[PDB]
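Read the single chain below, which is given as C-alpha cells and is the form deposited in one PDB entry.
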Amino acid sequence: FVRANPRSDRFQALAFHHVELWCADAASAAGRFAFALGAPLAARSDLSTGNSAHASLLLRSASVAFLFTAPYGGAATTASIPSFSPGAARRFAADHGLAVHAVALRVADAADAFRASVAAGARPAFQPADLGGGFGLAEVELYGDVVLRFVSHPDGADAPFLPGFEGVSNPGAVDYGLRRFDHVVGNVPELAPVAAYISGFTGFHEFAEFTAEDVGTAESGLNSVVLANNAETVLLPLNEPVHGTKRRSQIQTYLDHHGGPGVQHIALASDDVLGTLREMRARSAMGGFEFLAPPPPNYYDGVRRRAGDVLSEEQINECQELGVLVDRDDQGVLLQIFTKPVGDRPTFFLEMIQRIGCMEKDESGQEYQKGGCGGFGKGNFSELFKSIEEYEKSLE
C-alpha cells in the first residue's frame, strides 16, 4: 500500500464487459438472478437462435451483464461463444455448481491483448477468433478454472452483446438501479504467485492491499491484494487465507467447498444502493437473495461518530433499517451489504455498494469519479466483530 499507479497495462483494458456463469441449466439461474438483482433478460443464444451447442442467457442492468451458459445434450458450428467446451462446462458444474467461469474485459483489440498477455506469461486458454461484425474473443487463464475473456467491438456495432445473440426487451421489465461492476474477487491458496502471474501478464498494478492482523474474523483471517488497470476502472482483487492460524478461514471454507480457486464475490455498484436494496429485499421472501444478518445497534452508534460528518441522520437511520455497512477511506465513503451464499455451497456471494465522494477535476476542469472511493470496507471486519461482541455483553 504505497498507492502509486505506474500505468503499466500491457493492453488497453477499457472496462468490464460481462461475467459468464456456467451451470447445468441456465434458464433457472438467469430466472432467479433477474428477479433478485433487477437485471432483466437482454439477449439469448439458444436453440431458438439456431445454436445447438449451448444455451446462453444474458441479464443486463445498465453496464452489469451476467451471462448464463449451459450445454445441450449429446452441431458445434452453431456456437456463438466458440470457446465453449461442453465437456469442460459439465465438469465445471459438477465441481462447483453455480460459479463464475469467465471474467470478461472489453479491450481495444482481442488478438493483441492476448498476444501481449501470453507473451508476458499468461497461459493461453482460447485462441483469438473473428466472430464477424469485427468482434474479437480471446481467453487466458486467471486462477484455477476461471478464465479472463477479452472482447473487442467497433464502437457503434450491431449485435449489442456478441454475434449470434438475439436481443430481448420484455415490457414490464424494471431494473433496481445497479449501474456497474465494481470488483471481482478470487480466493486462491497462495497469493504471491497468483498476484505476480496476473500483474505479470496484464500489467495491472497494485492499488491497495490489506493483510490480517485485525483484517480477518476471530483467530482466522485473510491476506488481500487488489490489482487495477491504468484507469483504476477495473479492479481484480485476490484473497488468500492466512496460514498456520488456529481456526479455519472462510477463504479456506470457500476453497474446500468449491474444490479449488475461484471467484468469491462480485461487487455491483449503484447510485442509490439504499433504494436498490429495498427492491432486492422485497424479493428475498419469494426466491430472491437473502442478505447477511443486520449489524447490531452498536455498530451504527459508531458510524454516527466515524461518518456522521458526511452522512445525514436520515441517511444513517436508513442504512440501519437496511443492514448496510459503512466505511471511510482517505477522502470518501463506501456503502456496503453482502448477500448470503447465492448458490448451494457456502462459496460465491454478491456485494452491493455505493461510492460517495472522491470526484477530482482534469486539465480543463472536468470532474471524474476516482474508483475505489471509500476503499473496500476492511474496517467492517473488525468493527462488526467488536460490536457483535459488545452486543452480547450488553445482554448479560
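Under this definition, the rigid core comprises the largest set of C-alpha atoms superposing within 1.5 Å between the forms. We number the residues from 1 along the sequence you see.
Separately, the form deposited in another entry exists; it is not shown, and the next lines address it.
When the two forms are overlaid on the rigid core, CA displacement between this form and the one not shown of 2 Å or more is confined, within 297, 133, 86, 160, to 160. After superposing the rigid core, the Cα of residue 375 is displaced by 2 Å or more between this form and the one not shown.
Taking 2 Å as the criterion, residue 384 counts as shifted between this form and the one not shown: its C-alpha moves by at least this amount when the rigid core is aligned.
Wider separation of the C-alpha atoms of residue 159 and residue 50, by 3 angstroms or more, is seen in the other form than in the present form.
The gap between the Cα atoms of residue 159 and residue 47 is larger in the other form, by no less than 3 Å, than in this form.
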